[PDB]
Each structure stands twice: as structure tokens, then as C-alpha cells.
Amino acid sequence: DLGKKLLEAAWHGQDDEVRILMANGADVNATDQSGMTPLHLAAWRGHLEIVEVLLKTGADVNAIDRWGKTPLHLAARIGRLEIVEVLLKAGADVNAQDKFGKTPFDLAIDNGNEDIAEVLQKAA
């Protein structure tokens, strides 16, 4: 199952493996046990180039995990500034609330990510 392999390749940041799997049509919207897509996993780990290739390939920028987080939630929570910018450019929803009622902005505030919180507020 190529979707399962793409999830792990994206999580571990193996750019060559990501390219081979996508060249074989691995499902870019596959989900892991927590409902995370390859885009969620690359956003969480901070793999900017993998985020970018997934966005050029029709990954759902606003897919939600089992806790209601989008990839932008993860990037805002853990402080991935460049990834926040590319997700916003690709149409990430700044108003999406997770199952704790938090937007990406709220997660940026809660985690002390001041520059990202400013970027998200200007995009509100």
C-alpha cells in the first residue's frame, strides 16, 4: 500500500522516497492512525520542500485529523514559519477550529509563536 509508505516517507523527511512514491501515484490524501495526511506529517516535522510538493499535487490543504486539526494548525502550534506562509498561500483556512475550539492563531498564541501569530492575524 503506497499511501501507508507515503505517510512514513513524508514524516521521516525522505525527499527521494516521497518523489518515487508520488511518481507511482501514492495517495496524497492517505491518513494514518491519527487521521493525519502526508501534508499534516510534513508540516509537523517541518519538511518545507515536502510540504511544497504535496501542495503542487492537490493535497487537501484543509484536511482534518482525528482532533480536528488542519496542517496549518500543526504548523502554527510547533512554530513552522515558512510552512505557515506556504499553507496560507495555498488556501489554508485561518478560521478552522479544532476539537478544542482553537484556530491556528489560537495555537500560535498558546505556544508562544509570536511572529506566526502576527502573520495569521494579518491574514484574518
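In this text, residue numbers run from 1 along the sequence as written.
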TODO: Taking the mean of the C-alpha B-factors per stretch from the entry, tell me the winner out of 37-45 and 54-62.
DONE: 54-62
- [ ] Could you settle it for me: does 26-34 or 68-76 have the higher average Cα B factor in the PDB entry?
- [x] 26-34
- [ ] Could you tell me which one of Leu107, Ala10, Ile20, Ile116 shows the highest CA temperature factor in the PDB record?
- [x] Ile20
- [ ] Would you please rank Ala90 by its C-alpha temperature factor against the other modelled residues of its chain and give the third it falls in: lowest, middle or highest?
- [x] middle
